[PDB]
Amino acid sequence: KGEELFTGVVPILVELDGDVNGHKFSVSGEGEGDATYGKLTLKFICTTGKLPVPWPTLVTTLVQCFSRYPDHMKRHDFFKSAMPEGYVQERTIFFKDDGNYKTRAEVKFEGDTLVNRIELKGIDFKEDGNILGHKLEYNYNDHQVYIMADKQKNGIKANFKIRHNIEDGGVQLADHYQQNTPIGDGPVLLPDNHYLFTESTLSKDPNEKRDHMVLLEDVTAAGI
């Protein structure tokens, strides 16, 4: 089983390359996940300098294999099942009245480390909108994710809505469309419909001079 790869703390590495309206950027994150408690702890740095989009818009793009699946649910855990070879995660994210992100990620084990490697492409944004103009509060409004099997692709799909609080009143919507595919050729646990719940808090490291985000997360799965 790939679920036996997660019985304890797993080091995480995240690498993102982005291009939003031609503004390029990269992000490196590092931390650890523990699926037995359903918790992640990560710190991301923008390694190109100044992040040209708000950190909260990248949270969903920046490892649902760390959700805590109850024992009576273990057999619906597609994400752990695909390990160590991993899964491709693709999303389109539509920002209401603004541009869209398209993301492609490989989430897999590189030896002992769980790696999430991402390519992000954003188009049709407004240079003075809430995203390219940095008008989003540095906080987070989580939403549950309704996971559905995607039998035609031997993986899962989902769609969900993220609400981003706008500095000075107003809420900015981000409509996520997601689908995941196994990278290897083993058998993969295809689930019944269920929910993943996440609670995120964003913070800053007072001793960090680079553009960065500290992110703590509790993640569980539940049924019906």
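We number the residues from 1 along the sequence you see.
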What is the count, as a class, of unmodelled deposited residues between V188 and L189: none, 1 to 3, 4 to 9, or 10 or more? none
Look over 90 to 98 and 144 to 152 in the entry and identify the one with the greater average Cα temperature factor. 144 to 152
Name the higher of the two by mean Cα B-factor in the PDB entry, 80 to 88 versus 126 to 134. 80 to 88
Looking at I183, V59, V27, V53, which has the biggest Cα B factor in the entry? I183
For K161, does the deposited CA B-factor place it in the lowest, middle or highest third of the chain? middle
Sorting the chain's CA B-factors, does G170 end up in the lowest, middle or highest third? highest
According to the PDB entry, is the CA B factor of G18 in the bottom, middle or top third of its chain, that is, lowest, middle or highest? lowest
Report the third (lowest, middle or highest) to which the CA temperature factor of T41 belongs, ranking only the modelled residues of the same chain. lowest
Determine, from the deposited record, the chain-internal third of the Cα B-factor for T48: lowest, middle or highest. lowest
